[PDB]
Structure formats: C-alpha cells, structure tokens
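Contents: one structure, followed by commentary.
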Amino acid sequence: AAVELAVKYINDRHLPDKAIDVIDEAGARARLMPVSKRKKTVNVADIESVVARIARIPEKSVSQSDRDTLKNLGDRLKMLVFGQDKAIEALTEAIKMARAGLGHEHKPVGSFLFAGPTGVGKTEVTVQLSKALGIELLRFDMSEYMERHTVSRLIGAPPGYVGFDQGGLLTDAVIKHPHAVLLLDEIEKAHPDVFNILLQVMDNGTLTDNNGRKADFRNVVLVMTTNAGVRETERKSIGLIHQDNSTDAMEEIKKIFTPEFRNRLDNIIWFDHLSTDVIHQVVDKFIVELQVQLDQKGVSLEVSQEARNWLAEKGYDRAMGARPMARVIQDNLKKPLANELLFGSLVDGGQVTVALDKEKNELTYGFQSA
Amino acid sequence: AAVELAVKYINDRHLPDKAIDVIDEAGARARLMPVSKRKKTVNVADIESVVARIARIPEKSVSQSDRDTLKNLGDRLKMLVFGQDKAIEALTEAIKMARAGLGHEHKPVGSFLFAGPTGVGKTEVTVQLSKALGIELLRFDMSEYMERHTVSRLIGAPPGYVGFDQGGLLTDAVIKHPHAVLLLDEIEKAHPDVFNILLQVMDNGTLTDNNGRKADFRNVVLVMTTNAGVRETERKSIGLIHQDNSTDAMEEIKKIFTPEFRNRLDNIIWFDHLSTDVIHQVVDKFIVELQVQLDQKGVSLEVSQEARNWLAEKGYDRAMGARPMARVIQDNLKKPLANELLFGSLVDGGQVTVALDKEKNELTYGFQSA
Amino acid sequence: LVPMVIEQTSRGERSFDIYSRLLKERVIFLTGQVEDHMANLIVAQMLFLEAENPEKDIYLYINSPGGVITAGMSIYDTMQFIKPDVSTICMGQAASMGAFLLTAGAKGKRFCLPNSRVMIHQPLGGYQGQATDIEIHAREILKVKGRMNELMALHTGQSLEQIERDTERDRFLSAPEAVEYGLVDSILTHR
Amino acid sequence: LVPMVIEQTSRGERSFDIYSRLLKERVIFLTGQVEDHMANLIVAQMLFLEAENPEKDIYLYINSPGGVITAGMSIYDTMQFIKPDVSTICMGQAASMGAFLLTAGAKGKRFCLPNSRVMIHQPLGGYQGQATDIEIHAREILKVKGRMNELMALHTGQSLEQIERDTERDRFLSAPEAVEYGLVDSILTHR
Ligand SMILES: Nc1ncnc2c1ncn2[C@@H]1O[C@H](COP(=O)(O)OP(=O)(O)OP(O)(O)=S)[C@@H](O)[C@H]1O
Ligand SMILES: Nc1ncnc2c1ncn2[C@@H]1O[C@H](COP(=O)(O)OP(=O)(O)OP(O)(O)=S)[C@@H](O)[C@H]1O
Ligand SMILES: [Mg+2]
Ligand SMILES: [Mg+2]
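Protein chains in written order, with PDB author numbering: chain B, 380 to 749; chain C, 380 to 749; chain J, 2 to 192; chain K, 2 to 192.
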C-alpha cells in the first residue's frame with residue numbers, strides 16, 4: 380500500500396526513497412503512542428494517514444465531523460445562496476465523490492464554469508463553499524491576466540527577471556494549499572493562452588512550473604465564473620413579449636470557450652434569474668448583515684415584514700440580479716441611521732423600529748436613545 | 380477585537396504576528412501617558428486607535444471635530460457647486476455610512492459614474508470634495524489609457540522592464556494614500572480593458588499588482604466622470620418638440636460599459652443643465668476667484684449687481700455649461716484690467732468699480748488708482 | 002419621390018430616406034386612412050423604438066381622416082402597452098379613430114396645432130343578409146360604441162353622457178375648443 | 002413605404018427594413034386577408050427561425066379579417082410540425098382562419114390585447130354546375146367544417162357540440178370573453 384499510495388499522492392520524490400519515508404515515519408508514529416506499544420504491528424489503513432499527512436490531502440475513513448459537514452452541506456449553502464440549487468448540487472457531488480474514494484484518477488475533484496446573469500450567486504456560492512469546508516479560498520481575478528506577458532507569471536516567472544522570488548502564482552498557491560477552492564473570476568477577460576494552462580490541468584491534473592516543482596490539482600476544486608452572453612440576458616427583444624435570450628447567450632459561451640475546453644469541464648452550469656420569492660430571502664440576508672454592523676455599535680434593528688416586502692418591490696429587477704437590493708438597503712435603512720448614529724439619538728442602545736405607512740407607502744423610522 | 384479588526388483591515392500580514400502587533404503597540408501607548416501611567420488598563424477603544432494608524436484608515440468613535448465637518452460637508456460643497464444637490468447627497472451620505480460603520484464589508488466607500496453635459500461640475504465636485512476632507516486627490520486622466528499596453532501600467536510594469544520598479548500607477552498610489560478620492564476623468568475614452576480592471580475594485584475592493592501585492596480600496600472614494608452621449612445632448616431632435624436627450628446618454632452608457640460594471644456601481648447620477656438662476660451664483664464664484672488674484676497685486680475689485688446680471692445673460696448657454704461664463708468675464712473684466720495693471724493706473728493698489736449704464740448697455744470702468 | 006438625407010457619424014456617412022431619418026428621432030407619421038397594413042408599420046416602429054430607448058418619449062404626427070376602427074385599436078393597445086409615453090400631435094385634420102389616437106397620448110404630451118381641426122363621430126358600418134345575422138353584427142357596433150365612449154372618457158375626463166350625446170352626430174372641434182373638451186392639453190404655438 | 006432601421010452589431014452596422022428587423026427577433030406579421038402567397042412567406046419565415054434557434058419560441062402577431070381556408074392550413078400545419086412553440090397575439094382583429102391560427106398557438110402562449118375583438122363562423126363557399134358536382138363540392142365543405150371544429154375543440158378544450166352550434170352563425174367575442182371560451186390563455190397587459 381505504501382508504494383502504491385505514495386506514488387499516487389507524493390509527487391516530489393522518486394519511488395525508492397519515497398516509499399521508505401512512509402515506512403520509517405509509520406514506525407515512529409506507533410512508538411510515540413501514549414500506550415505502551417499496544418499497536419506494535421503496523422497494520423493497513425495506518426499508512427494511509429502518513430501519506431495523507433505528508434501529501435496534505437484528506438485521508439480515507441472520513442471522521443464523523445467530516446461526514447456531518449458533508450451531509451449538512453446540502454442546506455447550509457442554501458441558507459446564504461438562495462435558488463441555483465442545481466449549481467450547489469454539482470459542487471457537493473464532486474466533493475462527496477472524491478472523499479468517498481470514487482474520483483478521477485488524474486483529474487481534479489471538479490471543474491465547473493459558472494455563467495449567467497449579473498447579481499446571481501456565481502461567486503458567492505464559491506466563496507461560501509470554502510468557508511463551509513474550512514479550506515483556504517484561492518482567488519484569481521482574471522482581469523489582471525488579460526495580456527500574454529502576465530499569463531506567464533501564473534505558470535512560472537519570466538526569464539528576464541533576476542528576482543529571487545521565482546515560481547508562478549498559481550503553482551505556488553496550489554502547493555501551499557493543495558486542498559482548496561480555486562476561483563477564476565471573469566475568465567472570459569483572460570488571454571486565450573490561459574486556456575492552454577487549464578486544458579492540461581483538467582486533463583492531467585498537474586502543472587509543472589519553470590523551476591520544475593510539481594503541483595497536484597487532484598484535491599483542488601476548480602470553479603471559474605464568467606459573464607459571456609450576459610448582454611443578451613439583459614437585452615430586451617423588439618416585441619410585445621420579451622423573449623428568453625438564454626439560448627443565444629450560450630452560443631457566445633461556445634464562441635469563447637472551444638469545445639475541447641467545455642468537453643473537459645465536468646459541468647457547465649447556467650444560473651437562473653432570481654425569483655420574487657427568492658428576493659425576500661435575499662432581503663433577510665442583507666438585513667442580518669446590517670444588524671451585525673449595528674451590534675458592534677450596540678444598536679438593535681427590527682424591521683416589520685411589511686417593510687421587508689416593500690423593499691423587495693422597489694428593488695426587484697430580474698435583469699439586474701440582487702445588487703440593486705443592496706442599494707435599496709443603503710438608501711432606506713443605512714442612510715437614515717447614519718445621520719442618527721453620527722449626530723442623533725442613536726449614539727448607543729438602539730431599539731430601532733421600522734414600519735410601513737400604507738397611506739403614503741413610505742417607511743416610518745423610530746429611534747430610541749435608550 | 381485585535382484579531383477581528385487586524386485580519387479585516389491589516390491584510391498584508393499573517394494573523395499571529397499581526398494580532399500581536401496591535402497588542403505590543405497598544406501597551407507602549409498605554410505607558411506613555413502625559414504625566415504618569417494615567418490609564419494602566421487597556422480597553423477595546425485603544426486597540427481601534429492603534430489599528431487605524433497601522434492601516435492608515437479613519438478611526439472609529441469619530442470625534443466631534445470630524446462630525447462637524449461631516450454634517451457641514453454638504454453645505455460647504457454647496458457653496459462651490461450649485462445645482463447638483465443630488466450628487467453631493469450621494470457622496471456625503473456614502474461617506475457618512477462608512478464612518479458610521481454601515482459601509483460595505485469589502486467594497487469601497489462609493490463607486491459613482493458622473494455622466495452629464497459639459498461644464499456641469501462633474502469634476503469640480505470631486506476636486507473640491509477632497510479639499511473639504513483634507514485627503515489626497517488621485518486624479519487619473521483616462522484619455523491617456525487608450526491602448527491595451529497602457530492599461531498594463533495601472534496594475535504593473537511594461538514587459539521586459541529590468542529596473543527594480545515593477546509597481547503600477549494605480550496600485551502604488553492607493554497604497555500610499557489609502558484614504559483618498561480616486562478620479563478617473565473621461566473613462567469612456569479609455570480602452571474597454573480598463574473596465575475589466577475595476578470590476579474587482581468595486582465588488583471586492585481589492586486590486587492585485589503583477590508582483591502580487593493586494594491594494595485596499597475600502598476607504599478610497601471612487602468617482603468616474605464620463606461625457607457619454609455628449610453629441611446627442613448637443614444636437615437638437617428633428618421634431619416640433621425638442622427632446623430631453625438625457626436618456627439617450629444612458630443608452631450609450633449601456634453600450635460602452637458592460638452590465639457587470641454598471642451593476643457594481645452604487646449609483647449613476649445624471650448632472651442636470653444649469654438654470655439661469657444658478658448661473659448668477661457661478662458669476663459670483665468667478666468674481667471671487669478674480670478678487671483673490673487681484674488681492675495679491677494689492678488691488679480690490681467692486682462689481683455692482685446689475686453688471687453681474689448682464690454678464691450672465693451674455694454668457695448663458697445651457698448646452699455649453701459654465702465654461703462660457705469664464706470667457707465673458709475674461710474678455711470683459713480681465714482684459715481691461717491687464718492693460719492697466721501692466722501699463723498704468725493699477726500698478727499700486729486702487730479700488731476699481733464696474734457698473735452698467737442702461738443707455739449704452741456696456742460696462743464702465745473707474746480705475747481710481749491709489 | 003421621397004428624398005434621401007445624409008446622417009453625419011464618426012464612423013462614416015449614412016444615407017437614409019426622409020421618413021426613416023425622422024424615425025431615428027422617435028418621429029412617426031400617421032397619415033392616410035387607417036388600415037391593417039399601415040397600422041403594422043406604425044406598430045412595428047413603436048416596438049423598435051421601445052427597444053432602442055424604452056424610457057424616451059415617442060412622438061406621433063396624426064394627419065389622417067380616419068378609417069378602420071379595429072385596425073386603429075392595434076395602435077391604441079400598443080401605445081398603452083409600451084412603457085414610453087407616446088406623445089400625439091395633430092397636423093391638419095383628425096377624424097374617427099384619428100382623434101381617438103390623438104387623445105390616447107400620455108397626459109401633458111398631447112398637443113394640437115392652432116389650425117388643426119378635430120372631428121369625432123360614432124362608428125359607421127353596414128351588413129346585409131339574414132335578420133339573425135344583422136342583429137349579431139348590429140350588437141357588435143353598439144358594444145364597440147360603448148367601448149369607444151368609455152375609453153375616450155378616461156382620457157378626456159368627461160362623463161360618458163356628454164361624449165355619448167356629442168358623439169351621436171359629427172362634432173368639429175378647433176384647437177382651442179378641443180383643449181376645453183380635454184382631447185389635448187395645450188397648443189404648440191409657444192410651448 | 003417601409004422604413005429602414007439601423008441595427009448595431011460588434012461586427013458592424015447593417016441596415017434592414019422594419020419587417021426584417023422584427024423577423025430577426027422571431028416576430029412574424031400576419032396582416033391582410035389570408036392567401037397562398039402571403040401564407041408562403043409566413044411558412045418560409047417559420048422554417049428559417051426554427052433552424053436558427055429551434056428551442057426559442059416564435060411570436061406570430063395576427064391582425065387579419067380572415068381568408069382562404071386552405072392557405073391557412075399550410076401555416077397551421079407548419080406551426081404544429083416545427084419544434085418552436087408558435088405564440089400568437091391578436092392585435093386589432095381576428096376572424097375565420099385568423100382566429101383558428103390564434104388558438105392553434107402553443108398552450109400558455111396565446112394572448113389577446115385588452116381592446117381586441119375576434120370572430121368565428123363556418124367556412125363560406127359556393128359552386129355552380131350539375132347537381133352531381135354540387136353534391137361532392139358541398140360534401141367537402143362539411144368535411145372541412147367538421148375537421149375545423151375538431152381542431153378548435155382540441156385547442157380550446159371545449160365540447161365539439163358547443164363549437165358546432167356556436168360556429169353555425171357569426172359570434173363576435175371580445176378579448177376577455179375569449180379567455181373564458183378558451184381561444185387564448187390570458188390578456189397581454191404586460192409580460
Ligand atoms: N443568490 C443569491 N443569494 C443571496 N445573495 C446573493 C445572491 N446572488 C447575489 N447575492 C448578493 O450579491 C453579491 C454577490 O454577487 P456575486 O455572486 O459576486 O455576483 P457575480 O455572479 O460575480 O456577478 P458578475 O459580477 O456579473 S460575474 C453579494 O452582496 C451577495 O450577498
Ligand atoms: N455645477 C457647477 N456649479 C458651480 N460651478 C460650476 C459648475 N459646473 C461648472 N462650474 C465651473 O466651471 C468650471 C469647470 O467645470 P468642469 O469641472 O470642467 O465641469 P465638468 O462637467 O467636469 O466638465 P467636462 O468637460 O464635462 S469633464 C468649474 O471649476 C467651476 O468654476
Ligand atoms: Mg464574481
Ligand atoms: Mg471634468
């Protein structure tokens with residue numbers, strides 16, 4: 380098991396010394412046990428710990444905590460990102476498969492392309508995924524890698540530079556955090572050369588740097604977002620009935636991403652527009668965040684359900700996602716309190732109460748000095 | 380508070396050392412009281428003060444001095460820019476929310492796209508905003524950044540540069556002055572690539588340099604002035620009823636700017652044309668500016684109200700903004716004064732009067748040298 | 002023949018017919034007897050303008066002597082359906098279904114020239130055949146009459162009784178008289 | 002004269018007539034009396050749109066006073082055959098073979114404007130000759146009559162006997178009454 384497991388995961392050393400390193404450490408671990416060498420013999424499934432520890436990858440025979448974390452991660456993501464259930468399922472299945480032991484031999488756990496309208500949880504679902512899993516989030520804004528010279532910095536360093544800080548930004552990050560979430564936001568902006576890098580990643584799972592270091596992408600989740608065809612989504616047709624331009628937007632995605640690139644992707648998820656019912660959930664999310672900011676100032680905020688519904692009708696725009704809702708929260712809740720917080724009754728204590736005035740369809744704010 | 384505040388604002392160091400930094404420094408401050416160890420015990424308030432100095436960000440618990448400045452910020456700006464009360468409210472309120480603690484978690488203080496006709500204060504309001512707050516103004520002329528290679532400088536250095544200076548003009552500037560006003564004048568002229576660079580600047584409030592340094596835009600007010608649809612508002616519609624043309628500029632904004640860019644923006648304030656009533660105030664501003672220039676020479680200017688009204692009518696053009704008002708003042712007031720200042724009757728200080736005569740409908744100048 | 006005009010643009014010079022150039026400025030001409038074919042052109046133009054700018058106000062120069070009432074409703078339905086405020090102007094004469102579209106404009110945007118004349122009358126139609134068929138077709142015109150009176154009352158603001166008695170016979174209304182009736186808000190002589 | 006509308010694309014600007022621009026947006030116009038020539042264009046348009054995007058729905062505005070029964074069947078047969086769901090909007094007027102196409106639209110994608118009117122009646126035809134020839138020609142009118150009611154009953158969902166008695170004479174149905182009858186699912190006040 381040691382020789383087979385080591386070559387599969389340990390990729391920085393040759394087979395003879397690599398195997399002995401797992402055998403020597405195994406004995407060291409057994410003798411250091413608090414018990415008086417109860418586990419004198421080195422049995423199977425113990426070596427798996429040593430290779431997992433050396434390779435810094437999750438081990439087999441997942442603990443109850445991890446099992447609970449993966450089972451519980453079916454709704455916990457749905458409590459921060461509402462709707463887009465099909466996208467969450469794809470992320471959890473790839474993670475569940477890899478940890479179960481059923482996974483690609485040389486490919487990563489999963490490669491996804493998150494496209495769709497503006498203001499949907501394409502990125503938030505990725506960011507919250509890393510938090511739920513307790514793993515480091517590797518972010519890479521592709522708007523800085525739009526030129527060919529800049530893309531060379533990801534795989535390695537240009538020969539001209541004499542700086543001692545050689546090595547690529549993506550290879551070094553992966554080595555530092557093999558088990559992590561790799562976010563490539565706005566991948567459509569990046570130069571096509573980047574695709575040649577990802578093509579060998581999703582197919583082989585390893586990207587050798589200029590220095591020669593070997594980076595393993597087996598445990599790293601690959602999620603890239605884009606806004607290809609987004610203009611079609613917000614575009615309105617010349618007719619009485621506005622038509623669904625989602626099909627046309629997909630054609631644009633097929634013009635930027637070659638078939639080989641899409642063929643290697645595990646899935647190509649399309650984020651559906653936010654529904655009215657969903658907006659009410661989004662409002663509660665922003666209201667909670669507002670309360671947290673107020674808690675640092677000892678201020679409490681209570682918003683009536685009627686007021687929450689009114690904020691949704693004003694800020695609801697299917698074409699512009701959920702970012703407009705944030706503006707509504709700033710204009711109707713943050714602004715009246717900012718004046719009161721700096722110069723007003725709400726210096727401390729809070730006890731705020733917001734309610735709708737049906738006669739004038741405008742909210743009434745009540746401030747208590749406490 | 381130390382671990383929470385430091386990880387949030389101090390993003391260039393790791394948490395164990397970073398947290399201990401605000402602890403060790405807070406101790407030195409505690410023992411350096413004016414007479415003899417006034418406050419032996421350390422409190423959360425002292426930690427916030429230390430964090431605000433390390434990160435060069437505005438501290439919490441805004442002193443009464445800042446409050447007075449914030450409350451009077453709208454009134455002070457109103458004395459300089461007239462007729463754009465809507466823009467001032469957005470800038471002032473966004474600032475107040477940030478200081479009060481209601482700002483975005485990771486986004487900037489405010490992202491605004493000032494689109495309007497010529498000479499309507501799109502850039503003057505942003506220039507004066509910095510002076511009111513006593514913060515550095517980062518004025519970037521985007522007409523220069525019209526080529527793809529030029530945009531690289533904003534986040535890096537040209538390819539093949541061997542010198543030690545691998546910094547960018549936008550990342551370094553923000554690092555030196557994190558609390559500042561970022562002005563991108565005439566951004567529409569710039570190559571579309573620049574728009575992709577600012578996506579992370581609004582959604583995430585961070586920009587990564589080519590070397591890898593991550594800038595912080597959480598306290599930098601972002602203002603972008605554009606003249607999109609300027610030709611459309613200048614031209615008159617082919618119809619009996621002239622059209623507003625303000626909406627046409629917004630449709631061009633959609634074409635030039637991608638939807639993801641516009642969704643990130645907090646608000647798109649359309650500056651309105653200057654009314655005849657407000658032009659009178661503009662004349663007073665120019666005359667006051669002329670008085671400052673004349674006070675250095677030792678000469679004092681006095682202008683009757685009837686003269687000011689005549690000048691307004693001579694230079695009042697809605698389509699051309701307020702720039703023509705300078706030309707009529709330069710031609711009528713500065714030109715005769717210069718002939719005297721340079722050649723007699725104004726070398727030494729002497730009160731001068733400018734009054735209109737109804738008979739001739741022309742200005743009369745009494746030098747009265749002294 | 003229709004003249005052609007040149008539109009100066011940074012990209013280059015574009016050649017447009019006189020009518021198409023005006024369409025670029027949200028100006029639509031409703032001239033001639035209303036028909037199913039001409040109405041589609043007006044309807045297609047309204048939909049095209051909505052996509053270009055769904056917020057800017059559209060303009061419609063009505064210089065028609067009236068025509069098919071049902072075809073006109075295709076234009077009336079589209080005027081209220083689209084978000085843009087379809088301003089209406091009366092050039093020359095306005096008759097049944099011409100005036101109905103003139104008063105269907107948004108409040109504050111309906112206009113008339115000083116010499117423009119408006120005419121309003123009940124729908125005129127005839128059918129011959131079996132007595133049972135005549136009753137069915139006759140009831141339709143009566144129902145359509147009520148719909149015309151009900152719709153005109155909303156825009157003009159006058160009671161159905163006033164419109165019903167006045168619309169029984171042809172009524173000519175000059176620009177000042179029309180403003181009093183409520184067909185149009187004001188005249189364009191001075192704005 | 003059809004106006005020319007400028008369409009802006011990344012590749013460049015292309016000038017198209019108003020009808021062609023709307024065709025690019027899957028908007029077909031059924032105007033005038035139904036005939037073989039105008040129906041051929043409608044049929045040809047559906048095939049082109051189906052190939053460009055078979056998934057996307059096609060909209061067929063309908064402002065027609067009726068026409069040839071056989072010509073309309075070509076359009077009707079092509080709507081059910083193609084994969085795209087052919088939506089139908091009754092602007093202004095719908096009559097025999099104009100309303101049949103309106104109800105023929107896909108379920109849940111049939112509409113009528115608030116002031117639209119629709120009529121339905123049995124096929125009208127005649128022949129002159131020997132009594133033997135008149136018998137066969139007369140029998141065909143009954144065959145199409147029975148076949149037409151079977152299709153309308155299928156789309157509307159109502160009993161065959163109800164349509165037979167109603168179709169016998171002319172019946173003018175307003176837009177709201179059409180929803181109760183089953184011709185359309187609802188009124189197109191807004192999407
Ligand atoms: N489905 C959602 N549920 C809850 N909050 C959401 C959702 N979608 C967006 N948000 C909120 O909107 C912001 C997240 O937007 P993102 O998901 O980053 O947008 P995006 O998918 O990257 O869009 P671009 O910029 O067009 S690629 C945060 O303020 C979220 O709280
Ligand atoms: N709204 C205003 N209120 C007061 N003074 C104004 C106003 N607008 C312009 N001015 C005066 O005119 C000067 C020049 O205005 P600009 O800053 O060039 O306006 P702008 O709208 O930014 O111009 P462009 O050409 O459209 S970028 C200002 O410095 C003031 O002296
Ligand atoms: Mg994103
Ligand atoms: Mg300026």
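No residue lacks a Cβ here, since even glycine has one placed at the ideal position from N, Cα and C.
Exercise. What are the start and end residues of each continuous alpha helix (DSSP H) run of 4 or more residues lying completely inside the region 388-456 of chain C, in chain order?
Worked result: 394-410, 423-433 and 443-450
Exercise. How about residue 495/B: is its C-beta nearer than 7 angstroms to some C-beta of chain K?
Worked result: no
Exercise. Going along the chain, which residues of its own chain have a beta-carbon closer than 8 angstroms to the beta-carbon of residue 487/B, five neighbours each way excluded?
Worked result: 580, 581, 584, 596, 597, 598, 599, 600 and 601
For this session: Measure from the alpha carbon of residue 142/K to the alpha carbon of each residue in 152/K, 127/K, 179/K and 153/K, then state which is nearest.
Result: 127/K
Exercise. So residue 33/K packs on residue 37/J, CB below 8 angstroms; how close in whole Å?
Worked result: 6 angstroms
Exercise. Three or more beta-carbon pairs under 8 angstroms between the region 65-84 of chain J and the region 109-120 of chain K, yes or no?
Worked result: yes
For this session: Give the single residue among 498/C, 465/C and 730/C whose Cα lies nearest to the Cα of residue 678/C.
Result: 730/C
Exercise. Quick check: the region 696-714 of chain B against the region 666-674 of chain B, are there 3 or more CB pairs under 8 angstroms?
Worked result: yes
Exercise. Between residue 567/C and the rest of its own chain, which residues show a CB-CB distance below 6 angstroms, the 5 nearest in sequence each way excluded?
Worked result: 605, 607 and 635
Exercise. Counting only beta-carbon atoms, is residue 28/J nearer than 7 angstroms to chain C?
Worked result: yes
Exercise. Is there a Cβ from chain C that is less than 7 angstroms from the Cβ of residue 189/J?
Worked result: yes
Problem set entry | For residue 493/C and residue 648/C, believed in contact at Cβ under 8 angstroms, the rounded distance | 6 angstroms
Problem set entry | Minimum Cβ-Cβ distance from residue 617/C to chain J less than 7 angstroms | yes
Exercise. In three-state terms, what does DSSP make of residue 3/J?
Worked result: coil
Exercise. Does any CB atom of chain C fall closer than 7 angstroms to the CB of residue 54/J?
Worked result: yes
Problem set entry | Stretch pair the region 134-141 of chain K + the region 102-115 of chain K: three plus CB contacts closer than 8 angstroms | no
For this session: Report whether the distance from the Cβ of residue 502/C to the nearest heavy atom of ligand 4 is below 6 angstroms.
Result: yes
Problem set entry | Where the region 721-740 of chain B meets chain C: residues whose CB sits under 7 angstroms from a CB there | 721 and 722
Exercise. Identify the residues that DSSP records as bridge partners of residue 593/C: which are they?
Worked result: 587/C
Exercise. Would you call the CB atoms of residue 723/B and residue 749/B closer than 7 angstroms?
Worked result: no
Exercise. Going by beta carbon distance, what residues of the same chain come within less than 8 angstroms of residue 58/K, once the five residues before and after it are set aside?
Worked result: 27, 85, 86, 87, 88, 107 and 110
Exercise. Any Cβ of chain B within less than 7 angstroms of the Cβ of residue 48/J?
Worked result: yes
Exercise. Nearest CA to the CA of residue 159/J: which residue from 173/J, 180/J, 171/J and 140/J?
Worked result: 180/J
For this session: Let me know the secondary structure DSSP gives residue 541/C once reduced to three states.
Result: coil
For this session: Just list the beta strand (DSSP E) runs in the region 664-704 of chain C, keeping only unbroken ones of 3 residues or longer that don't cross its boundaries, in chain order.
Result: 680-682
Exercise. Below 7 angstroms between beta carbons: does that hold for residue 559/B and residue 545/B?
Worked result: no
For this session: Report the rounded CA-to-CA distance for residue 167/J versus residue 175/K, giving the unit in angstroms.
Result: 26 angstroms
Exercise. Going straight from the alpha carbon of residue 638/C to that of residue 490/C, what length do you get?
Worked result: 15 angstroms
Exercise. When DSSP labels each residue in this structure, what does residue 380/B get in the three-state scheme?
Worked result: coil
Exercise. What's the C-alpha gap between residue 443/C and residue 529/C?
Worked result: 44 angstroms
Problem set entry | Meets three-Cβ-pair contact criterion under 8 angstroms: the region 431-438 of chain C and the region 381-390 of chain C | yes
Exercise. Considering only residues of the same chain and omitting the five flanking positions on each side of residue 381/B, which have a CB-CB separation below 7 angstroms?
Worked result: 398, 401, 402 and 426
Exercise. Does residue 60/J come within less than 7 angstroms of chain C when only Cβ atoms are used?
Worked result: yes
For this session: Kindly indicate if chain K contains any beta-carbon less than 7 angstroms away from that of residue 448/B.
Result: no
Problem set entry | C-beta contact flag for residue 650/C and residue 495/C at 7 angstroms | yes
Exercise. Residue 559/C lies in the beta strand (DSSP E); which residues open and close that run?
Worked result: 559-564
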